[PDB]
Structure formats: C-alpha cells, structure tokens
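Coming up is one lone chain in structure tokens, specifically the form deposited without the partner chain.
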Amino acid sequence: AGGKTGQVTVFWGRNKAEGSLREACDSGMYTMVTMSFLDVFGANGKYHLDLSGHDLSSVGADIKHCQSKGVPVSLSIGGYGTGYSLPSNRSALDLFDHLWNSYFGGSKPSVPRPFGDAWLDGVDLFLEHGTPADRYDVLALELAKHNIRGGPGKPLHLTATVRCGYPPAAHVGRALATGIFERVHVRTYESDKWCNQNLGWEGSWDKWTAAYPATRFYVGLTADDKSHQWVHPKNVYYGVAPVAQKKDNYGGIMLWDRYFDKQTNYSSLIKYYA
C-alpha cells in the first residue's frame, strides 16, 4: 500500500501576477515547479513558448537558483490551446531536437536558448488536443533515453498531465503505452461530469494506477477556492489523500497553480498531507 511521499508539484507561468519562478521555489511549498506552456509545435518547424507575459530575462537565473535549493524545474508542452500537434515520427524527433537544443543539454548555433545556460529537469506532456496520427510515443521515448542516471547529463523527469477519465484519449494512450513515463498528474478538478472531485474520481484513480504499475501517480487539485471542484484542506486530510495513498504507485499531489496557491495559501496545509 502507498503512503505519504511529501511530494508537491505546482504549475507556474499561467499568470504574470503570480510572482517569479524564484519566489515559487523559495516558498518551500513545492518539490517541483512545472512551467507552462510551450504551446506551439508541429510538423512545420515553428515553436512558441508562452509564459503569459512573465519577464523571460530572469528565468534562467531563477531556474539555477531553484535547482541549488533542490527544487527541479520542468517545462510542460501543449496546454488548452489549438496551436500544437505532432502528426509524424519526423515532427516528434524535430520537437525533441528543439527541446534538447533550447532548454536541455544541447547546443546548436542556430538555436537560441530562452533561459541561457540553464538546463531544465524535465518535460511534462499536457495534451488536451490530439489524434491517432500523433506520435507522442516517439517523443516520449527519446526524452526517456536522455534521463541519465549515471553518466554525462542529468535526470530528466518525464511526465504527463491528463484528464480524470479512463481510458485516456488515443494520442495520450499511445504515448503512455511506451511504459516509460515517470509520473502522471491526474486532473480531478475539471468539470468533467462523472469524473471529478464531486463524483467519480476515485473509480478513475483505481483504473489509472492499476494500468501503469511503473508510473507514479499524482492527484491533481486546484488551489482556486472558488472552483466547484475545490477540496477544502480537511476533506483532503480525511478523504482525498488517504484514498489516493492506498495505491502502491501513489506519487504525491499536483497543484494548479502558483497564482491561485499564492492567493489562498492552499499548499501551506496540503504539503503536509502529500
């Protein structure tokens, strides 16, 4: 049976008023910060990073500062938008190259590095949109092969942030089928009828965790106390946390997002139940 792990992953980059990345890591509330989102990519070779107006000039320094404090920083690709797809093996490999040379251990004269010499700690796949033609499995495998634990490089935490419902959309299922994802953040705060904190998340949680034994599962909760899917701390303590932790592959809690958490201080208590 699983149990508390003390792990709390939070999303950052959705609202410039949420403070700098450095501030997030300095709060001592998170064990991982995931920036969002690289929202444009595909078979045409055009890539875009959208951090909602945040000052990009200081992100590199903040990333390194976070890492020095033991807080890894990841980059989520995708999002709720419609500007991305990965319809071929070639497009998947080109995206890997772009990520590698722009944010990780790669270096190419023609490719600028948004955060300078900072080297990110992971990649999260937030694939709201996709088709059976997408090849996220090819991208995932390449990223997994660069998760080095005993050689020239550093660990790369490969994750996916998915909808509550099981089974997942085909393109997500194809990627997860590789079996090499380290963590999956199951969003239980979407309005999805039959599958959210109000009703059905537990059943889906059972299916998700059982289907991917090698992957650690995080319960995704919203820090927006105005949401109909918000879970009061006392209900996380006596309900959500205990139930989620019954599974052997429970990994922790994911929070959406830094902005909301900053306004409600949700993690102040939640980090103790994770």
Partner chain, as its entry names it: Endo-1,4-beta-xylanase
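Definition used throughout: the rigid core is the maximal C-alpha set that superposes within 1.5 Å between two forms. Positions refer to the first chain, counted from 1.
Not pictured, yet referred to below: the form deposited with the partner chain bound.
A.B. asks: If contact means any heavy atom within 4.5 Å, which of 28-36, 54-62, 41-49, 202-210 contacts the partner chain in the deposited complex?
C.D. replies: Result for this chain: 202-210.
A.B. asks: Whether 230, 269 and 272 jointly form a contact site for the partner chain in the deposited complex is the question; each needs a heavy atom within 4.5 Å.
C.D. replies: Yes, each of 230, 269 and 272 comes within 4.5 Å of the partner chain in the deposited complex.
A.B. asks: Using a 4.5 Å heavy atom cut-off, state whether residue 248 contacts the partner chain in the deposited complex.
C.D. replies: Residue-level check for residue 248: no, no contact with the partner chain.
A.B. asks: Is there a heavy atom of residue 197 lying 4.5 Å or less from a heavy atom of the partner chain in the deposited complex?
C.D. replies: Close contact exists here: in the deposited complex, residue 197 approaches the partner chain to within 4.5 Å, heavy atoms only.
A.B. asks: Taking only heavy atoms into account, state which residues of 221-244 are within 4.5 Å of the partner chain in the deposited complex, ordered by sequence.
C.D. replies: Heavy-atom contacts to the partner chain in the deposited complex: 225, 228, 230, 232, 233, 234, 235, 237, 238, 239.
A.B. asks: At a 2 Å cut-off on C-alpha positions, does residue 112 qualify as shifted between this form and the one not shown after fitting the rigid core?
C.D. replies: Where the cores coincide, residue 112 shows only a C-alpha shift between this form and the one not shown that is less than 2 Å.
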